[PDB]
>>> print(open('run23.cif').read())   # mmCIF, C-alpha atoms and all ligand atoms
data_data
#
loop_
_atom_site.label_atom_id
_atom_site.label_comp_id
_atom_site.auth_asym_id
_atom_site.auth_seq_id
_atom_site.Cartn_x
_atom_site.Cartn_y
_atom_site.Cartn_z
CA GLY A 1 0.00 0.00 0.00
CA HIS A 2 2.21 2.80 -1.29
CA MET A 3 -0.51 4.89 -2.93
CA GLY A 4 -2.29 7.56 -0.90
CA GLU A 5 -3.12 11.10 -1.96
CA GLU A 6 -5.67 13.84 -1.24
CA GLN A 7 -7.59 16.50 -3.16
CA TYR A 8 -9.55 19.69 -2.50
CA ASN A 9 -12.39 18.45 -0.29
CA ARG A 10 -15.53 20.28 0.80
CA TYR A 11 -15.00 22.49 -2.25
CA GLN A 12 -18.60 23.61 -1.79
CA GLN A 13 -18.97 26.11 1.04
CA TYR A 14 -20.43 29.49 2.03
CA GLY A 15 -17.22 31.41 1.42
CA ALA A 16 -17.20 30.48 -2.26
CA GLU A 17 -19.83 32.21 -4.40
CA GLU A 18 -21.17 31.10 -7.78
CA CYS A 19 -24.12 32.54 -9.71
CA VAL A 20 -25.04 31.07 -13.10
CA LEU A 21 -21.59 29.54 -13.58
CA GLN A 22 -21.39 26.01 -14.97
CA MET A 23 -20.39 23.92 -17.99
CA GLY A 24 -22.04 21.37 -20.26
CA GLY A 25 -25.43 21.89 -21.88
CA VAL A 26 -24.54 25.43 -22.92
CA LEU A 27 -25.63 27.41 -25.98
CA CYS A 28 -24.20 30.21 -28.10
CA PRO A 29 -24.35 33.28 -25.83
CA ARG A 30 -24.61 35.37 -29.00
CA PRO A 31 -27.82 37.25 -29.88
CA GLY A 32 -30.20 35.33 -32.12
CA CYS A 33 -27.78 32.47 -32.64
CA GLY A 34 -29.22 29.87 -30.30
CA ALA A 35 -26.74 27.06 -30.94
CA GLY A 36 -27.53 24.55 -28.22
CA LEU A 37 -25.14 21.92 -29.56
CA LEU A 38 -23.56 19.88 -26.76
CA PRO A 39 -19.89 20.96 -26.69
CA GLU A 40 -17.13 18.35 -26.40
CA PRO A 41 -15.99 17.26 -22.92
CA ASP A 42 -12.96 19.49 -23.47
CA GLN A 43 -13.27 23.28 -23.65
CA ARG A 44 -9.89 23.11 -25.38
CA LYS A 45 -11.71 23.98 -28.60
CA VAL A 46 -15.48 24.31 -29.02
CA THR A 47 -17.00 25.80 -32.17
CA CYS A 48 -20.62 26.92 -32.10
CA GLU A 49 -20.45 25.99 -35.78
CA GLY A 50 -22.39 22.77 -35.30
CA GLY A 51 -23.87 22.58 -38.78
CA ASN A 52 -26.87 24.85 -39.26
CA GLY A 53 -26.61 28.50 -40.23
CA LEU A 54 -25.70 29.39 -36.65
CA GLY A 55 -21.94 28.91 -36.66
CA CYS A 56 -20.43 32.19 -35.53
CA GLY A 57 -16.88 31.14 -36.35
CA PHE A 58 -15.44 31.87 -32.91
CA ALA A 59 -14.99 29.02 -30.43
CA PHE A 60 -15.91 29.56 -26.78
CA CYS A 61 -14.99 28.12 -23.40
CA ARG A 62 -17.53 25.51 -22.33
CA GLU A 63 -16.04 25.71 -18.84
CA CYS A 64 -17.19 29.28 -18.29
CA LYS A 65 -19.48 29.11 -21.31
CA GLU A 66 -17.97 32.47 -22.24
CA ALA A 67 -15.67 33.91 -24.91
CA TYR A 68 -12.60 31.70 -25.30
CA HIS A 69 -9.87 33.27 -23.18
CA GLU A 70 -6.12 32.66 -23.46
CA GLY A 71 -6.02 32.36 -19.69
CA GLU A 72 -8.18 30.56 -17.13
CA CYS A 73 -11.77 30.62 -15.93
CA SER A 74 -11.18 30.77 -12.19
CA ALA A 75 -7.48 30.03 -11.77
CA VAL A 76 -4.56 28.54 -13.70
CA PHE A 77 -3.50 24.91 -13.35
CA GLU A 78 -0.28 23.13 -12.40
CA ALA A 79 1.27 19.66 -12.39
CA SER A 80 1.61 19.75 -8.60
ZN ZN A 101 -23.26 30.95 -32.48
ZN ZN A 102 -13.07 29.37 -19.54
#
>>> encode(input="run23.cif", output="structure tokens", more="lines below")
Ligand SMILES: [Zn+2]
Ligand SMILES: [Zn+2]
Amino acid sequence: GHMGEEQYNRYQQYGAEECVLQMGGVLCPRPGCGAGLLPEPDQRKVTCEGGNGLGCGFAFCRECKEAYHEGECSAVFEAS
């Protein structure tokens, strides 16, 4: 029994605040274009394109369901 690690527990608490912030089952936040196509399980690259005449041409971040940013939603990541 060598294994044995831990992760951020009780992540959900009063201190933390979140209003209308989630991923999966999101649609094109653009006006008129109601692309409700289920985005891949990786926000790495999600195009509202889909297929119909809705494709905007600019991928978004399914994580924050907002404009694709070259940074992070909440905070950056690390190997550690
Ligand atoms: Zn769109
Ligand atoms: Zn994001």
>>> atom_distance(input="run23.cif", atom1="CA of residue 51 in chain A", atom2="CA of residue 37 in chain A")
9.3 Å
>>> atom_distance(input="run23.cif", atom1="CA of residue 45 in chain A", atom2="CA of residue 20 in chain A")
21.6 Å
>>> closest_residue(input="run23.cif", among="A:6, A:49, A:70, A:40", to="ligand ZN 101 (chain A)", atoms="only C-alpha atoms and all ligand atoms")
A:49
>>> closest_residue(input="run23.cif", among="A:47, A:74, A:80, A:9", to="residue 22 in chain A", atoms="only C-alpha atoms")
A:74
>>> closest_atom_pairs(input="run23.cif", of="chain A", to="ligand ZN 101 (chain A)", cutoff="8 Å", atoms="all atoms listed in the file", output="tab-separated table")
residue	atom	partner	partner_atom	distance
A:27	CA	A:ZN101	ZN	7.8
A:28	CA	A:ZN101	ZN	4.5
A:29	CA	A:ZN101	ZN	7.1
A:30	CA	A:ZN101	ZN	5.8
A:33	CA	A:ZN101	ZN	4.8
A:34	CA	A:ZN101	ZN	6.4
A:35	CA	A:ZN101	ZN	5.4
A:48	CA	A:ZN101	ZN	4.8
A:49	CA	A:ZN101	ZN	6.6
A:54	CA	A:ZN101	ZN	5.1
A:55	CA	A:ZN101	ZN	4.8
A:56	CA	A:ZN101	ZN	4.3
A:57	CA	A:ZN101	ZN	7.5
A:58	CA	A:ZN101	ZN	7.9
>>> closest_residue(input="run23.cif", among="A:61, A:3, A:21, A:26", to="ligand ZN 102 (chain A)", atoms="all atoms listed in the file")
A:61
>>> residues_near_ligand(input="run23.cif", ligand="ligand ZN 102 (chain A)", cutoff="12 Å", atoms="only C-alpha atoms and all ligand atoms", output="list in words")
residues 21, 22, 23, 42, 43, 44, 45, 46, 59, 60, 61, 62, 63, 64, 65, 66, 67, 68, 69, 70, 71, 72, 73, 74, 75 and 76 of chain A
>>> write_last_selection(input="run23.cif", atoms="C-alpha atoms", output="mmCIF file, in the frame of the given file")
data_model
loop_
_atom_site.group_PDB
_atom_site.id
_atom_site.type_symbol
_atom_site.label_atom_id
_atom_site.label_comp_id
_atom_site.auth_asym_id
_atom_site.auth_seq_id
_atom_site.Cartn_x
_atom_site.Cartn_y
_atom_site.Cartn_z
ATOM 1 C CA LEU A 21 -21.590 29.540 -13.580
ATOM 2 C CA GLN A 22 -21.390 26.010 -14.970
ATOM 3 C CA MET A 23 -20.390 23.920 -17.990
ATOM 4 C CA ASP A 42 -12.960 19.490 -23.470
ATOM 5 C CA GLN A 43 -13.270 23.280 -23.650
ATOM 6 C CA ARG A 44 -9.890 23.110 -25.380
ATOM 7 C CA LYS A 45 -11.710 23.980 -28.600
ATOM 8 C CA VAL A 46 -15.480 24.310 -29.020
ATOM 9 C CA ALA A 59 -14.990 29.020 -30.430
ATOM 10 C CA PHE A 60 -15.910 29.560 -26.780
ATOM 11 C CA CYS A 61 -14.990 28.120 -23.400
ATOM 12 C CA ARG A 62 -17.530 25.510 -22.330
ATOM 13 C CA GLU A 63 -16.040 25.710 -18.840
ATOM 14 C CA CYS A 64 -17.190 29.280 -18.290
ATOM 15 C CA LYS A 65 -19.480 29.110 -21.310
ATOM 16 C CA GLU A 66 -17.970 32.470 -22.240
ATOM 17 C CA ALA A 67 -15.670 33.910 -24.910
ATOM 18 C CA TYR A 68 -12.600 31.700 -25.300
ATOM 19 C CA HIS A 69 -9.870 33.270 -23.180
ATOM 20 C CA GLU A 70 -6.120 32.660 -23.460
ATOM 21 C CA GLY A 71 -6.020 32.360 -19.690
ATOM 22 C CA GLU A 72 -8.180 30.560 -17.130
ATOM 23 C CA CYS A 73 -11.770 30.620 -15.930
ATOM 24 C CA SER A 74 -11.180 30.770 -12.190
ATOM 25 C CA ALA A 75 -7.480 30.030 -11.770
ATOM 26 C CA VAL A 76 -4.560 28.540 -13.700
#
>>> atom_distance(input="run23.cif", atom1="CA of residue 39 in chain A", atom2="CA of residue 24 in chain A")
6.8 Å
>>> decode(input="run23.cif", residues="range 44-70 of chain A", atoms="N, CA, C and O atoms", output="PDB file, in the first residue's frame")
ATOM      1  N   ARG A  44     -11.080  22.827 -24.586  1.00  0.00           N
ATOM      2  CA  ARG A  44      -9.890  23.107 -25.378  1.00  0.00           C
ATOM      3  C   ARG A  44     -10.251  23.853 -26.659  1.00  0.00           C
ATOM      4  O   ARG A  44      -9.624  24.856 -27.004  1.00  0.00           O
ATOM      5  N   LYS A  45     -11.265  23.357 -27.361  1.00  0.00           N
ATOM      6  CA  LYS A  45     -11.711  23.978 -28.603  1.00  0.00           C
ATOM      7  C   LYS A  45     -13.153  23.591 -28.916  1.00  0.00           C
ATOM      8  O   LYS A  45     -13.434  22.454 -29.294  1.00  0.00           O
ATOM      9  N   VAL A  46     -14.065  24.547 -28.755  1.00  0.00           N
ATOM     10  CA  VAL A  46     -15.477  24.306 -29.024  1.00  0.00           C
ATOM     11  C   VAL A  46     -16.040  25.351 -29.982  1.00  0.00           C
ATOM     12  O   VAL A  46     -16.107  26.537 -29.658  1.00  0.00           O
ATOM     13  N   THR A  47     -16.444  24.901 -31.166  1.00  0.00           N
ATOM     14  CA  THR A  47     -17.001  25.796 -32.174  1.00  0.00           C
ATOM     15  C   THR A  47     -18.522  25.720 -32.197  1.00  0.00           C
ATOM     16  O   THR A  47     -19.068  24.624 -32.313  1.00  0.00           O
ATOM     17  N   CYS A  48     -19.168  26.871 -32.088  1.00  0.00           N
ATOM     18  CA  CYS A  48     -20.620  26.918 -32.100  1.00  0.00           C
ATOM     19  C   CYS A  48     -21.105  26.499 -33.489  1.00  0.00           C
ATOM     20  O   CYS A  48     -22.294  26.289 -33.727  1.00  0.00           O
ATOM     21  N   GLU A  49     -20.149  26.381 -34.404  1.00  0.00           N
ATOM     22  CA  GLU A  49     -20.451  25.987 -35.776  1.00  0.00           C
ATOM     23  C   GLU A  49     -21.609  24.995 -35.816  1.00  0.00           C
ATOM     24  O   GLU A  49     -22.697  25.312 -36.292  1.00  0.00           O
ATOM     25  N   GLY A  50     -21.364  23.789 -35.311  1.00  0.00           N
ATOM     26  CA  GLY A  50     -22.394  22.768 -35.297  1.00  0.00           C
ATOM     27  C   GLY A  50     -22.706  22.240 -36.685  1.00  0.00           C
ATOM     28  O   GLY A  50     -22.232  21.173 -37.072  1.00  0.00           O
ATOM     29  N   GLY A  51     -23.505  22.990 -37.435  1.00  0.00           N
ATOM     30  CA  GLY A  51     -23.868  22.577 -38.778  1.00  0.00           C
ATOM     31  C   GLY A  51     -24.826  23.542 -39.445  1.00  0.00           C
ATOM     32  O   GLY A  51     -24.620  23.937 -40.593  1.00  0.00           O
ATOM     33  N   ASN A  52     -25.877  23.924 -38.727  1.00  0.00           N
ATOM     34  CA  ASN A  52     -26.871  24.848 -39.257  1.00  0.00           C
ATOM     35  C   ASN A  52     -26.266  26.233 -39.472  1.00  0.00           C
ATOM     36  O   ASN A  52     -25.094  26.462 -39.180  1.00  0.00           O
ATOM     37  N   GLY A  53     -27.077  27.153 -39.985  1.00  0.00           N
ATOM     38  CA  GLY A  53     -26.606  28.503 -40.231  1.00  0.00           C
ATOM     39  C   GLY A  53     -26.483  29.315 -38.957  1.00  0.00           C
ATOM     40  O   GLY A  53     -26.927  30.462 -38.898  1.00  0.00           O
ATOM     41  N   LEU A  54     -25.881  28.719 -37.933  1.00  0.00           N
ATOM     42  CA  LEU A  54     -25.702  29.394 -36.654  1.00  0.00           C
ATOM     43  C   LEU A  54     -24.226  29.656 -36.378  1.00  0.00           C
ATOM     44  O   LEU A  54     -23.869  30.648 -35.742  1.00  0.00           O
ATOM     45  N   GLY A  55     -23.371  28.761 -36.861  1.00  0.00           N
ATOM     46  CA  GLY A  55     -21.941  28.915 -36.657  1.00  0.00           C
ATOM     47  C   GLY A  55     -21.505  30.366 -36.687  1.00  0.00           C
ATOM     48  O   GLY A  55     -21.742  31.043 -37.686  1.00  0.00           O
ATOM     49  N   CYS A  56     -20.884  30.817 -35.606  1.00  0.00           N
ATOM     50  CA  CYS A  56     -20.425  32.192 -35.526  1.00  0.00           C
ATOM     51  C   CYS A  56     -19.013  32.262 -36.112  1.00  0.00           C
ATOM     52  O   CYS A  56     -18.627  33.225 -36.774  1.00  0.00           O
ATOM     53  N   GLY A  57     -18.244  31.209 -35.852  1.00  0.00           N
ATOM     54  CA  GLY A  57     -16.881  31.144 -36.349  1.00  0.00           C
ATOM     55  C   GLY A  57     -15.855  31.345 -35.251  1.00  0.00           C
ATOM     56  O   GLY A  57     -14.652  31.223 -35.486  1.00  0.00           O
ATOM     57  N   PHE A  58     -16.330  31.654 -34.048  1.00  0.00           N
ATOM     58  CA  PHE A  58     -15.444  31.874 -32.911  1.00  0.00           C
ATOM     59  C   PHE A  58     -15.759  30.899 -31.780  1.00  0.00           C
ATOM     60  O   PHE A  58     -16.833  30.952 -31.181  1.00  0.00           O
ATOM     61  N   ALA A  59     -14.815  30.010 -31.494  1.00  0.00           N
ATOM     62  CA  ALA A  59     -14.988  29.025 -30.434  1.00  0.00           C
ATOM     63  C   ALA A  59     -15.087  29.696 -29.070  1.00  0.00           C
ATOM     64  O   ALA A  59     -14.578  30.799 -28.872  1.00  0.00           O
ATOM     65  N   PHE A  60     -15.744  29.025 -28.130  1.00  0.00           N
ATOM     66  CA  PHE A  60     -15.911  29.559 -26.783  1.00  0.00           C
ATOM     67  C   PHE A  60     -15.404  28.567 -25.739  1.00  0.00           C
ATOM     68  O   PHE A  60     -14.991  27.467 -26.103  1.00  0.00           O
ATOM     69  N   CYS A  61     -15.445  28.975 -24.479  1.00  0.00           N
ATOM     70  CA  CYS A  61     -14.988  28.117 -23.399  1.00  0.00           C
ATOM     71  C   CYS A  61     -16.216  27.520 -22.708  1.00  0.00           C
ATOM     72  O   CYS A  61     -16.966  28.200 -22.007  1.00  0.00           O
ATOM     73  N   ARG A  62     -16.404  26.222 -22.922  1.00  0.00           N
ATOM     74  CA  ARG A  62     -17.530  25.506 -22.334  1.00  0.00           C
ATOM     75  C   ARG A  62     -17.459  25.541 -20.810  1.00  0.00           C
ATOM     76  O   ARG A  62     -18.482  25.455 -20.131  1.00  0.00           O
ATOM     77  N   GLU A  63     -16.247  25.666 -20.281  1.00  0.00           N
ATOM     78  CA  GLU A  63     -16.044  25.710 -18.839  1.00  0.00           C
ATOM     79  C   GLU A  63     -16.771  26.903 -18.222  1.00  0.00           C
ATOM     80  O   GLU A  63     -17.505  26.725 -17.252  1.00  0.00           O
ATOM     81  N   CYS A  64     -16.553  28.079 -18.794  1.00  0.00           N
ATOM     82  CA  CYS A  64     -17.191  29.284 -18.293  1.00  0.00           C
ATOM     83  C   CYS A  64     -18.266  29.708 -19.294  1.00  0.00           C
ATOM     84  O   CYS A  64     -18.876  30.775 -19.186  1.00  0.00           O
ATOM     85  N   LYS A  65     -18.488  28.847 -20.280  1.00  0.00           N
ATOM     86  CA  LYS A  65     -19.483  29.107 -21.315  1.00  0.00           C
ATOM     87  C   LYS A  65     -19.394  30.547 -21.807  1.00  0.00           C
ATOM     88  O   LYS A  65     -20.400  31.146 -22.188  1.00  0.00           O
ATOM     89  N   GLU A  66     -18.184  31.097 -21.796  1.00  0.00           N
ATOM     90  CA  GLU A  66     -17.966  32.470 -22.240  1.00  0.00           C
ATOM     91  C   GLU A  66     -16.928  32.519 -23.360  1.00  0.00           C
ATOM     92  O   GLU A  66     -16.401  31.489 -23.777  1.00  0.00           O
ATOM     93  N   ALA A  67     -16.642  33.725 -23.840  1.00  0.00           N
ATOM     94  CA  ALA A  67     -15.669  33.910 -24.907  1.00  0.00           C
ATOM     95  C   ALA A  67     -14.348  33.226 -24.572  1.00  0.00           C
ATOM     96  O   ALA A  67     -13.789  33.428 -23.493  1.00  0.00           O
ATOM     97  N   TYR A  68     -13.854  32.415 -25.500  1.00  0.00           N
ATOM     98  CA  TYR A  68     -12.600  31.697 -25.301  1.00  0.00           C
ATOM     99  C   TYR A  68     -11.486  32.652 -24.884  1.00  0.00           C
ATOM    100  O   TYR A  68     -11.131  33.570 -25.623  1.00  0.00           O
ATOM    101  N   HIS A  69     -10.939  32.428 -23.693  1.00  0.00           N
ATOM    102  CA  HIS A  69      -9.865  33.268 -23.175  1.00  0.00           C
ATOM    103  C   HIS A  69      -8.535  32.520 -23.190  1.00  0.00           C
ATOM    104  O   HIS A  69      -8.495  31.305 -23.000  1.00  0.00           O
ATOM    105  N   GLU A  70      -7.451  33.254 -23.422  1.00  0.00           N
ATOM    106  CA  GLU A  70      -6.121  32.657 -23.464  1.00  0.00           C
ATOM    107  C   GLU A  70      -5.561  32.477 -22.056  1.00  0.00           C
ATOM    108  O   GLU A  70      -4.356  32.306 -21.872  1.00  0.00           O
TER     109      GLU A  70
END
